[PDB]
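Report on one structure; see the data block that follows.
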Amino acid sequence: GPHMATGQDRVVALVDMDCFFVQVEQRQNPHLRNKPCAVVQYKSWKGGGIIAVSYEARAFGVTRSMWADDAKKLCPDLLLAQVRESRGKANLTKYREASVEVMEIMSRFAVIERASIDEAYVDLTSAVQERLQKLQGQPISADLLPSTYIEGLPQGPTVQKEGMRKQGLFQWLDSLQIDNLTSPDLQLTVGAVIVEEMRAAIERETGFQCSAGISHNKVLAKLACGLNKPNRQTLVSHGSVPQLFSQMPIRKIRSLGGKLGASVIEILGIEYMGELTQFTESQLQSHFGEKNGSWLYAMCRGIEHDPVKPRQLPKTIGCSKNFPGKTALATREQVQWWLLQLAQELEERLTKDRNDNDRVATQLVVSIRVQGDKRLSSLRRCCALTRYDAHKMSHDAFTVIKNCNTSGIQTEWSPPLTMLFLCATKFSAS
DNA sequence: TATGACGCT
DNA sequence: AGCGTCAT
Ligand SMILES: Nc1ccn([C@H]2C[C@H](O)[C@@H](COP(=O)(O)OP(=O)(O)OP(=O)(O)O)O2)c(=O)n1
Ligand SMILES: [Ca+2]
Ligand SMILES: [Ca+2]
């Protein structure tokens, strides 16, 4: 009863940039602003594959992982920006550099966990305690939360979406609990005020807009962030969880959007995250293993302990390129030349990482996919990485894969390779 | 039809 | 060490 721990100890936020690559291209070319546009890789085959879509283009049905030519059928006016192409492949430097712009601003407020190229988690527990000590005992104005949604509000006893927002926000604040410095709901509100500021700083200093979620753990923050995209942040309180989860498809919770989540649905015979509450921890552990059972048991109650790991920099640096279908590499000269092209971009990126971040990678991993193989990776081998030389790395990458060539005729290469991937890991300080 | 983090064995 | 899962 009192020994019920409710996972309200932390204040955690997930910040995520709205249509990130599109914003980056639109800062650079003002003509793309406020217009249906998408970002594509390559152009010859079907106009290129789309990887990012503005919200105006989304109104027409334009999605990621779609050919530009098909996109132009749903949206004739759609504008396109192309990813920079280097050494025969896509080069994403523009977007990685835009990312450190954002991560460095976010780092001044709290320590972040780089989660992707455009999203970071933030643990605001410490920042919130201090704000509570400066706001003495004085209340929190709705003017401090100009873009915040309180999930599940308004409730109880105006039909444009901004009027709703203030109604729920007023309800939340007018019932707030400012006399207690340990009230979890008051802490989420202070965290939300901090994130409004974080988000105004990112836009002030990059011109990029984002959404955020604020709650007690990474999972809820992440789910919360997506409730009011774009350019809005959503506070998900501990108390909103039973209603929020009662109709939430299990696949929507982070790590349940794949196979494990599908077997939760098929085995247990449920649909929504809330239905998990009727199962005991021992039942769940028998169904899915000690780790999954324990984590499933806590999570449907809104409790999750996976911490915000202080890590602003990737553990891994890698380049890949698919050669699907008839483009599959089928000679020794092809395989070596693309390994060289990949090795060359990787060396460009590693030298920059060494100067910037005072570290060197020590292991090189070569992954390949042969033609006729449902698995995304067919083979993965590693060797030492001792000089940032592209000709050595491509040589070593070949040496460790050459054994995979079926063909007895030595000049050709079978089975044809549909994918090459070089990857620098095992960093050491420098 | 380009990337990164982590678990399991 | 190497494969599998889950995500942006
Ligand atoms: N399968 C993917 C997913 C993402 N990205 C890149 C392009 C995106 O712009 C960026 C961030 O991905 P998101 O999943 O956050 O989606 P967006 O940021 O594009 O838009 P939004 O978050 O508003 O949906 O990462 C990619 O190249 N391939
Ligand atoms: Ca995003
Ligand atoms: Ca994202």
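Quick note on naming: the chains in the structure tokens go A, B, ... in the order shown, residues restart at 1 in each chain, and ligands are numbered from 1 in order of appearance.
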- Enumerate as a PyMOL selection string the residues belonging to chain A that approach chain C to within 12 Å, with only C-alpha atoms (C1' of nucleotides) taken into account. chain A and resi 16-17+19-21+51-52+64+114-120+251+253-261+365-367+375-383
Save the residues we just selected, C-alpha atoms, as a tab-separated table (two decimals), in the first residue's frame?
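Contents of result17.tsv, freshly written:
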chain	number	residue	atom	x	y	z
A	16	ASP	CA	12.29	14.85	-31.13
A	17	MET	CA	12.66	17.13	-34.16
A	19	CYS	CA	10.37	16.02	-39.89
A	20	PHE	CA	14.05	16.58	-39.22
A	21	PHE	CA	15.71	16.22	-42.65
A	51	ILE	CA	12.97	9.25	-46.34
A	52	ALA	CA	11.37	12.37	-44.84
A	64	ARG	CA	8.58	7.48	-46.16
A	114	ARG	CA	21.43	10.66	-27.75
A	115	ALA	CA	18.76	8.22	-28.86
A	116	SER	CA	18.79	8.86	-32.60
A	117	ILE	CA	20.04	11.46	-35.07
A	118	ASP	CA	17.11	13.72	-34.08
A	119	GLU	CA	15.95	12.68	-30.61
A	120	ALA	CA	17.47	12.77	-27.13
A	251	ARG	CA	2.54	-2.07	-30.67
A	253	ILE	CA	4.84	1.19	-26.70
A	254	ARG	CA	8.58	1.31	-27.40
A	255	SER	CA	10.07	-2.20	-27.92
A	256	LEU	CA	6.65	-3.76	-28.46
A	257	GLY	CA	6.29	-2.70	-32.10
A	258	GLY	CA	7.85	-5.95	-33.38
A	259	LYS	CA	7.74	-9.71	-32.79
A	260	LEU	CA	7.61	-9.76	-28.95
A	261	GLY	CA	4.62	-7.41	-29.05
A	365	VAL	CA	33.19	-4.86	-38.71
A	366	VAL	CA	32.34	-6.03	-42.25
A	367	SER	CA	28.78	-7.13	-42.92
A	375	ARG	CA	17.91	-12.12	-43.42
A	376	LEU	CA	19.08	-8.51	-43.56
A	377	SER	CA	22.63	-9.53	-42.63
A	378	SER	CA	23.95	-12.81	-43.99
A	379	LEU	CA	27.44	-12.51	-42.58
A	380	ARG	CA	29.37	-10.31	-40.14
A	381	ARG	CA	33.11	-10.39	-39.46
A	382	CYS	CA	35.48	-8.08	-37.59
A	383	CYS	CA	39.18	-7.29	-37.74
- Query: Which residues of chain A are close to chain B, meaning at most 12 Å apart when you count only C-alpha atoms (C1' of nucleotides), and how do they look as an MDAnalysis selection string?
  - Reply: chainID A and resid 40:42 45:46 48:51 64:68 83 89:92 96 113:118 255 291:292 311 313:325 419:425
- strand (DSSP E or B) call set, DSSP backbone run, region 109-323 of chain A, as a PyMOL selection string: chain A and resi 112-114+119-123+148-150+210-215+233-235+249+272+311+317-322
- Message: Please extract the residues of region 105-157 of chain A with a backbone DSSP assignment of helix (DSSP H, G or I) and present them as a PyMOL selection string.
- Response: chain A and resi 105-107+125-134+142-144
Serialized selection, N, CA, C and O atoms, as a PDB file, in the first residue's frame:
ATOM      1  N   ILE A 105      22.876  22.287 -27.748  1.00  0.00           N
ATOM      2  CA  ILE A 105      21.928  23.154 -27.047  1.00  0.00           C
ATOM      3  C   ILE A 105      21.210  22.383 -25.935  1.00  0.00           C
ATOM      4  O   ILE A 105      21.094  22.855 -24.795  1.00  0.00           O
ATOM      5  N   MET A 106      20.706  21.189 -26.251  1.00  0.00           N
ATOM      6  CA  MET A 106      20.030  20.391 -25.234  1.00  0.00           C
ATOM      7  C   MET A 106      20.939  20.061 -24.051  1.00  0.00           C
ATOM      8  O   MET A 106      20.459  19.937 -22.924  1.00  0.00           O
ATOM      9  N   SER A 107      22.245  19.917 -24.286  1.00  0.00           N
ATOM     10  CA  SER A 107      23.171  19.531 -23.229  1.00  0.00           C
ATOM     11  C   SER A 107      23.364  20.595 -22.163  1.00  0.00           C
ATOM     12  O   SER A 107      23.845  20.273 -21.079  1.00  0.00           O
ATOM     13  N   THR A 125      15.169  15.383 -13.344  1.00  0.00           N
ATOM     14  CA  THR A 125      14.937  15.312 -11.907  1.00  0.00           C
ATOM     15  C   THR A 125      15.708  16.399 -11.149  1.00  0.00           C
ATOM     16  O   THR A 125      15.125  17.164 -10.368  1.00  0.00           O
ATOM     17  N   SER A 126      17.011  16.521 -11.411  1.00  0.00           N
ATOM     18  CA  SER A 126      17.825  17.506 -10.701  1.00  0.00           C
ATOM     19  C   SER A 126      17.427  18.936 -11.050  1.00  0.00           C
ATOM     20  O   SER A 126      17.276  19.783 -10.163  1.00  0.00           O
ATOM     21  N   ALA A 127      17.257  19.227 -12.338  1.00  0.00           N
ATOM     22  CA  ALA A 127      16.861  20.569 -12.750  1.00  0.00           C
ATOM     23  C   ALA A 127      15.538  20.999 -12.119  1.00  0.00           C
ATOM     24  O   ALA A 127      15.354  22.172 -11.770  1.00  0.00           O
ATOM     25  N   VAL A 128      14.603  20.064 -11.969  1.00  0.00           N
ATOM     26  CA  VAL A 128      13.297  20.394 -11.406  1.00  0.00           C
ATOM     27  C   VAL A 128      13.415  20.757  -9.926  1.00  0.00           C
ATOM     28  O   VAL A 128      12.819  21.740  -9.476  1.00  0.00           O
ATOM     29  N   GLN A 129      14.196  19.984  -9.150  1.00  0.00           N
ATOM     30  CA  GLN A 129      14.339  20.281  -7.717  1.00  0.00           C
ATOM     31  C   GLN A 129      14.824  21.705  -7.481  1.00  0.00           C
ATOM     32  O   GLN A 129      14.338  22.383  -6.566  1.00  0.00           O
ATOM     33  N   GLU A 130      15.779  22.172  -8.301  1.00  0.00           N
ATOM     34  CA  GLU A 130      16.335  23.510  -8.152  1.00  0.00           C
ATOM     35  C   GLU A 130      15.315  24.598  -8.497  1.00  0.00           C
ATOM     36  O   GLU A 130      15.221  25.617  -7.802  1.00  0.00           O
ATOM     37  N   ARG A 131      14.590  24.421  -9.596  1.00  0.00           N
ATOM     38  CA  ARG A 131      13.529  25.372  -9.924  1.00  0.00           C
ATOM     39  C   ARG A 131      12.502  25.464  -8.804  1.00  0.00           C
ATOM     40  O   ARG A 131      11.999  26.548  -8.499  1.00  0.00           O
ATOM     41  N   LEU A 132      12.183  24.334  -8.176  1.00  0.00           N
ATOM     42  CA  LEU A 132      11.254  24.364  -7.057  1.00  0.00           C
ATOM     43  C   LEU A 132      11.781  25.244  -5.925  1.00  0.00           C
ATOM     44  O   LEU A 132      11.003  25.923  -5.241  1.00  0.00           O
ATOM     45  N   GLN A 133      13.106  25.266  -5.727  1.00  0.00           N
ATOM     46  CA  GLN A 133      13.704  26.082  -4.674  1.00  0.00           C
ATOM     47  C   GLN A 133      13.786  27.555  -5.038  1.00  0.00           C
ATOM     48  O   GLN A 133      13.918  28.390  -4.139  1.00  0.00           O
ATOM     49  N   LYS A 134      13.701  27.894  -6.322  1.00  0.00           N
ATOM     50  CA  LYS A 134      13.740  29.289  -6.734  1.00  0.00           C
ATOM     51  C   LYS A 134      12.348  29.896  -6.834  1.00  0.00           C
ATOM     52  O   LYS A 134      12.161  31.069  -6.492  1.00  0.00           O
ATOM     53  N   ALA A 142      -0.033  29.644 -16.535  1.00  0.00           N
ATOM     54  CA  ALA A 142      -0.250  29.033 -17.835  1.00  0.00           C
ATOM     55  C   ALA A 142       0.613  29.685 -18.910  1.00  0.00           C
ATOM     56  O   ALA A 142       0.911  29.050 -19.931  1.00  0.00           O
ATOM     57  N   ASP A 143       1.035  30.935 -18.693  1.00  0.00           N
ATOM     58  CA  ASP A 143       1.918  31.609 -19.637  1.00  0.00           C
ATOM     59  C   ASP A 143       3.285  30.949 -19.720  1.00  0.00           C
ATOM     60  O   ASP A 143       4.033  31.218 -20.668  1.00  0.00           O
ATOM     61  N   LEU A 144       3.638  30.108 -18.748  1.00  0.00           N
ATOM     62  CA  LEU A 144       4.899  29.391 -18.830  1.00  0.00           C
ATOM     63  C   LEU A 144       4.790  28.130 -19.664  1.00  0.00           C
ATOM     64  O   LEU A 144       5.822  27.549 -20.000  1.00  0.00           O
TER      65      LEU A 144
END
- Message: So that I can check the surroundings of residue 359 (chain A), please list as a PyMOL selection string every protein, DNA and RNA residue that reaches within 6 Å of it, counting only C-alpha atoms (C1' of nucleotides) and ignoring chain neighbours fewer than 4 positions away.
- Response: chain A and resi 354+428-430
Just to be explicit: take each residue in the selection above, keep C-alpha atoms, and write the result as a PDB file, in the first residue's frame.
ATOM      1  CA  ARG A 354      39.082  11.725 -33.840  1.00  0.00           C
ATOM      2  CA  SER A 428      39.233   4.258 -26.973  1.00  0.00           C
ATOM      3  CA  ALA A 429      40.219   7.636 -25.602  1.00  0.00           C
ATOM      4  CA  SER A 430      42.823   9.630 -27.512  1.00  0.00           C
TER       5      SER A 430
END
- Message: One number please: CA of residue 390 (chain A) to CA of residue 349 (chain A), in Å, one decimal.
- Response: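 Computing the Euclidean distance for CA of residue 390 (chain A) and CA of residue 349 (chain A) yields 11.0 Å.
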- Task: Pick out the residues sitting within 12 Å of residue 208 (chain A), and hand them over as a list in words; count only C-alpha atoms (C1' of nucleotides), and ignore anything fewer than 4 positions along from it in its own chain.
- Result: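 Once the nearby chain positions are removed, what remains is residues 16, 17, 18, 19, 20, 21, 22, 23, 24, 25, 26, 27, 28, 33, 98, 99, 101, 102, 105, 118, 198, 199, 200, 201, 202, 203, 204, 230 and 231 of chain A.
Considering the residues A:211, A:243, A:182, A:187 and counting only C-alpha atoms and all ligand atoms, ligand 3 has its shortest atom-to-atom contact with A:211.
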- Task: Please provide the set of residues having any atom within 7 Å of region 401-406 of chain A, restricted to only C-alpha atoms (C1' of nucleotides), with same-chain residues fewer than 6 positions apart removed, written as a PyMOL selection string.
- Result: chain A and resi 413-415
Expected file contents, prior selection, N, CA and C atoms, as a compact mmCIF listing (two decimals), in the first residue's frame:
# COMPACT_ATOMS: atom_id res chain seq x y z
N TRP A 413 32.11 -13.43 -58.82
CA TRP A 413 31.72 -13.48 -57.42
C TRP A 413 30.29 -13.96 -57.30
N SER A 414 30.12 -15.14 -56.72
CA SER A 414 28.80 -15.67 -56.43
C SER A 414 28.83 -16.19 -55.00
N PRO A 415 27.68 -16.16 -54.31
CA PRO A 415 26.42 -15.56 -54.76
C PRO A 415 26.56 -14.06 -54.81
- Query: Excluding same-chain residues fewer than 5 positions from residue 265 (chain A), what lies within 10 Å of it counting only C-alpha atoms (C1' of nucleotides), as a list in words?
  - Reply: residues 249, 250, 251, 259, 260, 270, 271, 272, 273 and 276 of chain A
